[PDB]
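Architecture and fold: a report
Here's the letter readout for the chains.
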Amino acid sequence: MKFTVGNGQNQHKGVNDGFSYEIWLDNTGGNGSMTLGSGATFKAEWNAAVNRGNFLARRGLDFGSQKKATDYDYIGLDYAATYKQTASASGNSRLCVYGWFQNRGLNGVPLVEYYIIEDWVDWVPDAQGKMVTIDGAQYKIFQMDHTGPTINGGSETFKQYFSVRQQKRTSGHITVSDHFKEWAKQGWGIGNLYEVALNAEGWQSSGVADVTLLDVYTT
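Residues numbered from 1 in each chain as written, not as in the entry; some residues may be left out. Heavy atoms only, no water.

- X-ray crystallography is the method the PDB entry states for this structure, with the resolution given as 2.10 Å.

- Per the PDB entry, the recorded name for the protein is BIFUNCTIONAL ENDO-1,4-BETA-XYLANASE A, and the organism is Neocallimastix patriciarum.
- Here the entry title, as the record gives it, is "The structure of the family 11 xylanase from Neocallimastix patriciarum".

1. Remarks on the side chain of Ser93
- Take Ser93: it is sitting in strand β7 (residues 75-102).
- A distance of 2.7 Å separates polar atoms of two side chains, one belonging to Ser93 and the other to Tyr83.
- Polar contacts involving the side chain of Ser93 include one to the side chain of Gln85, which spans 2.6 Å.
- Beyond its immediate sequence surroundings of up to four residues, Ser93 is in contact with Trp46, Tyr83, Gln85, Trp120, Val121, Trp123, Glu201, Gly202 and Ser205. (Helix = DSSP H or I, 4+ residues; strand = E, 2+ residues; numbered from the N terminus. Polar contact = N/O pair within 3.5 Å; in protein donor to acceptor, adjacent residues only side chain to side chain. Contact = heavy atoms within 4.5 Å.)

2. Quick notes on the packing of aromatic side chains
- Summed over all chains, the structure comprises 17 aromatic pairs.
- Here the aromatic rings of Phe142 and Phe162 are separated by 4.9 Å at their centres, their planes lie at 15 degrees, and the arrangement is stacked. Note that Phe142 is positioned in strand β10 (residues 137-150) and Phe162 in strand β11 (residues 153-165), a separation of 20 residues in sequence.
- Relative accessible area serves as the criterion here: at 1%, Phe162 is assigned to the buried category.
- Residues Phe180 and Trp183 carry aromatic rings whose centres are separated by 5.8 Å and whose planes lie at 40 degrees to one another, so their mutual orientation is tilted. Here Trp183 and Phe180 lie together in helix α1 (residues 176-185), a separation of three residues that amounts to about one turn.
- On the basis of relative accessible area, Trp183 is assigned to the buried category, the value being 0%. (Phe/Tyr/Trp six-rings, centres within 6.5 Å; stacked < 30°, edge-to-face > 60°. Buried < 20%, exposed > 50% of the residue type's maximum accessible area, 1.4 Å probe, protein only.)

3. Side note on α1
- The set of residues buried in α1 consists of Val176, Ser177, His179, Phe180, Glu182 and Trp183.
- In the stretch just after α1, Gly187 is the one whose phi turns positive, near 85 degrees.

4. A short note on the pattern of salt bridges
- In total, this model carries five salt bridges according to the counting rule given.
- Where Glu45 meets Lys43, a salt bridge forms, and the shortest distance between an N and an O atom there is 3.7 Å.
- Taking the relative accessible area as the measure of exposure, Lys43 reaches 33% and is therefore partly exposed.
- Its salt-bridge partner being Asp126, residue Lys140 comes within 2.6 Å of it at the nearest N-O pair. Taken together, the residues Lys140 in strand β10 and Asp126 in the loop between β8 (112-121) and β9 (130-134) connect sequence positions 14 residues apart. (Salt bridge = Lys/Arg side-chain N within 4 Å of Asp/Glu carboxyl O.)

Next comes the structure, spelled out in structure tokens:
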């Protein structure tokens, strides 16, 4: 139930109570840990306020890349967390829903890494976008190119899709399927749903994300 990164091992991933877990630290320094709770719950801590320090901890539901992400009639995520950045060496962090749309076998469809960002500190990705209303709240949506390693392998150029919550928070209900529908309404390509995860990420920062409630489901 506790996993550590930064002194010997820089990654752990597995499954427990039907929910994935993953923790990762780059080889640029720092340390971190994830303590599992029941279900999908977890506490993550990181100390990576060093140059190019880079940390992530996430848990979620694997969907098996079986069908178009928008074919699921309803996907819900309920979460509650304490989330704090305690150091920043020109750094940042975010708490978000996270996953991929797999395009393997899909002609004309991009590979996508997606983020529904509920809270952030110091910096968050941004680009020319559109405001939309989901779950009673304003989110800015946009997409951008990224070049880097991928669920399928090493450096390729793929797409990232973003919804960024305008009023930061650390608990509530997210209608994940509604975000997917808004992205689709822009004419963005939607591949097969790989996962739906709650993700804490740190760049050149230190902090804690104590996720005491996390439920992901479809109907």
